[PDB]
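Visitor: Pasting a structure here, questions to come.
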Amino acid sequence: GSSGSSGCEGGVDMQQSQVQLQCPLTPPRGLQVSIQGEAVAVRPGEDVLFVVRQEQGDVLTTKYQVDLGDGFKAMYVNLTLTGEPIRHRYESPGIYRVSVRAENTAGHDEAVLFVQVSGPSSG
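Dropping the structure here:
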């Protein structure tokens, strides 16, 4: 079968912080993106949908930075909250490298997805 995993630590004494209010919260966990339905090879010019979700998403309104790699760049905020798919159409065929960055007042999570788009060739 197939499965993923993660792991990273980040803690330091109270040296500095850009916050004027102490509120109870927790960092992001189990953050990753997925493509609508298991697809093998998509054709060029077909808008692709990216489904994002979280395991606990306890953290508050967090920021999200999606990197298409093909010059396209967008900055979404509270993606999980809005639970809205990310549409994106390609022009030329070729495996693309997608990534995401999440950093909230509590913690920060990141993920990377690989997309493949083959031309009109058989298959």
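Going by our numbering, the first residue of the sequence shown is number 3, and it counts up by one from there. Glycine included, each C-beta is placed from N, C-alpha and C at the ideal position.
1) Over what stretch of residues does the beta strand (DSSP E) that includes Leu83 continue unbroken?
2) Secondary structure at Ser5, three-state DSSP: helix, strand or coil?
3) With distances taken between CB atoms, is the gap from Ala104 to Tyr78 smaller than 8 Å?
4) Can you tell me whether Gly109 is buried or exposed? The criterion is at least 16 other CB atoms within 10 Å of its CB, across all chains shown.
5) The beta strand (DSSP E) with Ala41 in it runs from where to where?
6) Can the beta-carbon of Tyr98 be found closer than 8 Å to that of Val68?
7) Looking only at its chain, what residues have a beta carbon closer than 6 Å to the beta carbon of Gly71, apart from the 5 residues adjacent to it on each side?
8) CA-CA distance, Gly73 and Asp15?
9) Here's the rule: buried if 16 or more other CB atoms are within 10 angstroms of the residue's CB, otherwise exposed. What is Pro26?
10) Whole-angstrom Cβ separation of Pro87 and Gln38, contact assumed at under 8 Å?
11) Locate the beta strand (DSSP E) running through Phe116, then write down its first and last residues.
12) Look at the alpha carbon of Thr28 and the alpha carbon of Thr63, and state the distance between them as a whole number of angstroms.
Guide: So, from the data block:
1) The residue you call residue 83 lines up with position 81 of the sequence shown. Unbroken run through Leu83 is the alpha helix (DSSP H), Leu81 to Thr84; no beta strand (DSSP E).
2) As a position in the sequence shown, residue 5 is number 3, starting the count at 1. Coil.
3) On the sequence shown, position 102 is the one that residue 104 refers to. On the sequence shown, position 76 is the one that residue 78 refers to. No, the pair does not count as a contact, with Cβ atoms beyond the cut-off.
4) By one-based count along the sequence shown, residue 109 stands at place 107. When all chains shown are included, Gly109 counts as buried.
5) Translated into the one-based positions of the sequence shown, residue 41 becomes position 39. Where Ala41 is concerned, there is no enclosing beta strand (DSSP E), given that its DSSP letter is neither H nor E.
6) Counting from one through the sequence shown, the residue named residue 98 turns up at place 96. Counting from one through the sequence shown, the residue named residue 68 turns up at place 66. Their beta carbons are not under 8 Å apart, which means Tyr98 does not touch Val68 by this criterion.
7) Numbered from its first residue, the sequence shown carries residue 71 at position 69. Excluding residues within five positions, the ones whose Cβ falls inside 6 Å are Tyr98 and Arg99.
8) The residue given as residue 73 occupies position 71 in the sequence shown. The residue given as residue 15 occupies position 13 in the sequence shown. Going from the Cα of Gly73 to the Cα of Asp15 covers about 39 Å.
9) Taking the first residue of the sequence shown as 1, we reach residue 26 at position 24. So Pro26 counts as exposed.
10) The residue given as residue 87 occupies position 85 in the sequence shown. The residue given as residue 38 occupies position 36 in the sequence shown. Confirmed, Cβ separation roughly 7 Å.
11) One-based indexing of the sequence shown puts residue 116 at position 114. Looking at the DSSP string, the run of the beta strand (DSSP E) that includes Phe116 is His110 to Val117.
12) One-based indexing of the sequence shown puts residue 28 at position 26. One-based indexing of the sequence shown puts residue 63 at position 61. Their Cα atoms are separated by approximately 11 Å.
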